[PDB]
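Take a look at the structure set out below.
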Amino acid sequence: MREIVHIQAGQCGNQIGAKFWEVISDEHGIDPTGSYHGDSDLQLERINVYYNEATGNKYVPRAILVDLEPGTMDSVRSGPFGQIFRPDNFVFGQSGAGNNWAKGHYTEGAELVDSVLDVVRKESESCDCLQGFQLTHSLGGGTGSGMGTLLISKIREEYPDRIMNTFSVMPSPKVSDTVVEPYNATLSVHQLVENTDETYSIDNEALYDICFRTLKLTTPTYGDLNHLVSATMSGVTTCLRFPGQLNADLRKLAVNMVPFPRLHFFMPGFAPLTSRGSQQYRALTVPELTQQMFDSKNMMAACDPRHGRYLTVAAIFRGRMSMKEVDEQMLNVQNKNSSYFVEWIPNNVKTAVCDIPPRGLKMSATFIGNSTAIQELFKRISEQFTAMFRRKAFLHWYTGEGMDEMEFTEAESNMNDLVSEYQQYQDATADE
Amino acid sequence: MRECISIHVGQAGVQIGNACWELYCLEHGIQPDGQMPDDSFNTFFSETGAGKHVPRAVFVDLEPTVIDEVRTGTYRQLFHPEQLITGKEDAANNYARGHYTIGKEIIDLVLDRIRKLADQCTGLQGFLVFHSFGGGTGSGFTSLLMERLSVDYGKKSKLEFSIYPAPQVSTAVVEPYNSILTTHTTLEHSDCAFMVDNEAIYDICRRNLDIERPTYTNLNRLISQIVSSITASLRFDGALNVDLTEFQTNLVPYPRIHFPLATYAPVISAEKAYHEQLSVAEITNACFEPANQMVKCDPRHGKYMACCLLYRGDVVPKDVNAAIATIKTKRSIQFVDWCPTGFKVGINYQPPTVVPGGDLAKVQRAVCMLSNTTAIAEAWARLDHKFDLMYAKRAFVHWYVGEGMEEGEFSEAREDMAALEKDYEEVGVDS
Amino acid sequence: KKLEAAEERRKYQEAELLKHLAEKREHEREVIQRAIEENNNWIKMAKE
Ligand SMILES: Nc1nc2c(ncn2[C@@H]2O[C@H](COP(=O)(O)OP(=O)(O)OP(=O)(O)O)[C@@H](O)[C@H]2O)c(=O)[nH]1
Ligand SMILES: Nc1nc2c(ncn2[C@@H]2O[C@H](COP(=O)(O)OP(=O)(O)O)[C@@H](O)[C@H]2O)c(=O)[nH]1
Ligand SMILES: [Mg+2]
């Protein structure tokens, strides 16, 4: 287990993916040319998980950039770290998906899919020991959503034994670019339930609420939302890219986090919450960092963790702090909040501490929870879907692509079963 | 790359085309000879070996008079002669002559020219069709062309800019017949149609521009401004854009319910100088006033299904959201129960350009709202009633029958309009 | 025996995923071919 192959699909996927690469390059001391200029051996110890070493001192992201639209790709190349990417790894179409899952999954996407697989095969065959794949995409669009899930299925076919991981961004009416987002999301959730091993549920509803309510940003931009996404992505991948004992690879993370195959949707959390401009800040102790685990205000999925129960939790502390203090504080939270952890999975909270804090902060905490409360996110999508589907509104955009009504009914039913499954384990007891 | 072919049919279509292409040239800095001293303008203008920029457009009329003015006018060098197509005999305000008798002679030639323009496209998005409902060419030839375009172009996007008739400027008693016949025949062939009621435009020119007796020149300059607002997103690359497909996705919930209501603001007279500068809040408020509408109807008596706001010029997202929030506190704006996300906002950097010597004042910021409201059914009802008055007596029917049309075609067209009115009614009902 | 047992038990479930995944390829080709056949016939209509 070594290399992770990263895929970026659609507008959102490429925007969030590009930010992930500039954040992690900065943490690993890599400049936009690919040269390491850091001053810590920890930065290079597990550099091979995300970077290929090219001739000389240069490091190249093992990243494939995908879109059915060319514009986003140009914006990435023009960017700060745009030059770091492998030129041959940009795979783009000319005919977009027009925020239509059917175009991304069946028409335009199907036409481009083989060109993408050719690039993923090149990266995969170069690997000493491929862990698997990491996909960043939105569920509300057409490319990220439809083509992204098509790619997952095509990759799963060729690499059935590798770990399939995603960072899936959930649509919200609060920051919506299309009226059909509930359809695109439901059709994609159906695909993810079946085809991924782990999915980080990144909710735009929660990101907007954090920016507006907590960061006091009257009109949040994608730039503001993406600052929270990149902080979360950096946090959840800490264990994979730095030397550590816990969840050091994609499979060990999945084995510790996924008790039942379909229940692989994670609720990420982050503390402290910061705004792009906020380079202040003077705060955050160990008890303070720990308290934000149950804090709904710090969740990247718009669910209250106190409305459910944690099946499994992974908590990552970053910065210079006492491991003794972390262990005490973490035990206190489990003992005080006993009722929000399932009794039939003993020692289900695993903690890791990394000496390297993320940029701008001296101390941070990242939470990865497998909570039954994630059903609130799926319920929200199902109700938005049904409001439209009941009247067959905008259905012509999908049937016009060759889709049948049954696929819509099936996707919805599968998502409602997922909700019902979370509820089942929420109500389960250690009567054993 | 992402090309759009513009087709201008009959007097209304050709004359509006003249106004649109004059405005596009001013916006992109293209001279009347095609010379020019972004890059998105290439969706509407092709380029020759001599560095000249040529509109991706076809102008068609069954009579030569109107187009003869284009080929003698200021922009005679802008268009190549082959893209300006004229017959000899007009359709004489008769849909049957436009569609059958006269139209059948020029149809093959028009499609051959469109094919030559399409061959110069690497990523043809589709067509923009400009025509009147009332004239024999505007009605009859357009529906014939629309049918033929569906055959030759598979499922390629077709959007209309239709001139809804007004008695203040009407030239034929038979305009309601021509309007219903063209709407029935074109309905299954069009993806999205923007109606422009000549009375609404006539009243805006009178009220806002202080023109006692508005002429087609006055009407078209104002129309051109709304068309330019809808097409700016295709011809420019701004912070927020919308392509041929995204317009349809956001505004068209059902195939037949494809008629958005356009509302433009501000419309200021070239005099005064104190009546500006209007804020983003002020121009947004003006979109919800029935006086700024492009079609006469009452949205307060209807339900919204989609609202697209297209801003142009000195506009900031924070300003827009603040304006939309205050409008949301005015309870009076009702949406259908199956529609959550109501507002799609687009901002294009370029302030509205005005024709030198025109009636419009230069403004720092403008906005065009495209809303799909059930209130637009009121425009169909007015037309259908005028049709019924004459049709009950079979008045003027002999003119159509004489050209080979059957009375059954009139019944079919009217039944289809009754079904359309019924569709708008069904769509507004809650589940 | 109790090891090639695992080896063979491994394979049924991989072969199985490949079936559950050849079935997902089926649909796509069907829904894309159906996405032409219909447009092919709308014009079959339209001409005559
Ligand atoms: N806004 C606007 N409406 C126009 C213009 N020219 C004509 N119309 C309107 O269109 C209708 C008359 O149809 P025309 O376009 O003139 O006729 P035509 O398409 O050339 O057809 P035929 O002359 O019968 O062959 C009436 O409602 C007019 O008010 C114009 O330049 N601008
Ligand atoms: N967080 C975030 N969400 C985005 C961004 N861009 C688009 N979205 C969201 O993604 C969805 C639209 O999909 P998009 O990725 O633009 O379409 P695609 O290009 O066809 O994949 C909606 O839910 C948007 O709110 C971005 O940069 N950040
Ligand atoms: Mg005429």
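Bear in mind these aren't lab numbers, they're just calculated from the coordinates by the rules spelled out. Backbone-built Cβ (ideal geometry, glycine too); neighbour counts: all protein chains shown.
A simple charge model with +1 on the Cβ of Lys and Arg, -1 on the Cβ of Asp and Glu and nothing else charged puts the dipole of segment B:285-426 at about 1060 debye relative to its Cα centre.
Here chain A is treated with +1 on each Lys and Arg Cβ and -1 on each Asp and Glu Cβ, and its dipole about the Cα centre works out to around 1180 debye. Give me a comma-separated list of calculated 3J(HN,Hα) values for segment B:223-231, in order, Karplus coefficients 6.51, -1.76, 1.60 applied at θ = phi - 60°, integers in Hz, x for any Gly or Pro. Running phi through 6.51 cos²θ - 1.76 cosθ + 1.60 with θ = phi - 60° gives 4, 3, 4, 6, 4, 4, 5, 5, 8 Hz. Exposure proxy shown here: for B:216, A:422, the number of other Cβ atoms within 10 Å sets the order, fewest to most, as B:216, A:422.
Each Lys and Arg adds +1 at its Cβ and each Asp and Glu adds -1 at its Cβ; summed about the Cα centre, chain C shows a dipole of about 180 debye. For a quick check of your reading of the filter: which GluC sites (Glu not before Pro) in segment B:151-259 sit in a DSSP loop and have no more than 11 other Cβ atoms within 10 Å? Loop-located and lightly packed - B:212.
Farthest toward the positive end of the dipole of chain A, out of A:146, A:101, A:302, is the Cα of A:302, where the dipole comes from beta carbon charges about the Cα centre. Between the helical axis of C:23-47 and the longest alpha-carbon principal axis of chain C there is an angle of about 10 degrees. Among B:380, A:101, B:21, the order by Cβ neighbours within 10 angstrom, fewest to most, reads B:380, B:21, A:101.
Antiparallel beta bridges, as assigned by DSSP with both residues in the protein assembly as shown, represent about 35 percent of the total such bridges. Projecting the Cα atoms of A:43, A:89, A:384 onto the charge dipole of chain A, computed from C-beta unit charges around the Cα centre, puts A:43 farthest toward the positive end. Candidate cross-link partners of residue B:330 among the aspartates and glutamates, defined by an alpha-carbon separation under 12 Å and a same-chain spacing of 8 or more, are absent.
Sorted fewest first by neighbouring Cβ atoms within 10 angstrom, B:30, B:163, B:223 come out as B:30, B:223, B:163.
Of all beta bridges that DSSP places with both ends in segment B:19-175, some 25 percent have antiparallel geometry. At 222 nm, what helix-only mean residue ellipticity would the protein assembly as shown give, in deg cm²/dmol to the nearest 500, using -39500 (n - 2.57) for each DSSP H run of four or more? Estimated from H runs of four or more residues: -13500 deg cm²/dmol. With 25 Å as the limit, write out which pairs from A:324/A:350; B:158/B:393; C:1/C:24; A:392/B:296 have Cα-Cα distances beyond it, or answer none. Those over the limit are B:158/B:393; C:1/C:24; A:392/B:296. Distance from the Cα centroid of segment B:182-202 to that of segment B:401-415 is 20 Å (rounded to whole angstrom).
Every pair of different Cα atoms in segment A:1-259 enters the Kirkwood calculation, which places the hydrodynamic radius at 18.4 Å.
For the residues of B:340-347, the average number of beta carbons from a partner chain within 10 Å of their own beta carbon is 4. Here segment A:72-121 and segment A:282-342 have alpha carbon centers that stand 38 Å from each other. Whole-percent P(r), segment B:376-431, all Cα pairs, 10 Å bins from 0: 21, 45, 24, 8, 2.
The 3J(HN,Hα) values that the Karplus relation (6.51, -1.76, 1.60; θ = phi - 60°) gives for segment A:269-277 are, in residue order, x, 8, 9, x, 7, 10, 9, 2, x Hz. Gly and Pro appear as x. As a ratio to 2.2 N^0.38 Å, the alpha-carbon radius of gyration for chain B is 0.94.
Using only alpha-carbon positions in segment A:57-195, the gyration tensor eigenvalues give semi-axes of 24, 19, 14 Å once each is multiplied by 5 and square-rooted (largest first). Applying a DSSP loop filter and a limit of 10 other Cβ atoms within 10 Å to the trypsin sites (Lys or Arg not before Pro) in segment B:84-164 leaves B:88. Give the separation of the Cα centroids, segment A:365-432 to segment B:125-181, in Å. Spelled out, the Cα-based centre of one part sits 44 Å from the other.
Mind running the shape call on the protein assembly as shown? Use the C-alpha gyration tensor, a ≥ b ≥ c as the square roots of the eigenvalues: rounded below 1.5 for a/c, prolate if a/b tops b/c, oblate otherwise. Cα axes put the protein assembly as shown in the prolate bin. Need the list of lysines near residue B:155 for cross-linking: C-alpha distance under 16 angstrom, and skip anything on the same chain fewer than eight residues off. Partners found: A:103, C:44, C:47. Annotation: the antiparallel percentage among DSSP beta bridges lying fully within chain B is about 35.
Based on alpha carbons, the Rg and Dmax found for segment A:374-431 are 14.7, 52 Å. Along chain A, the exposed loop sites are trypsin sites (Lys or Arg not before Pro) outside DSSP states H, G, I, E and B with at most 15 other Cβ atoms within 10 Å, and the longest stretch free of them is A:3-215.
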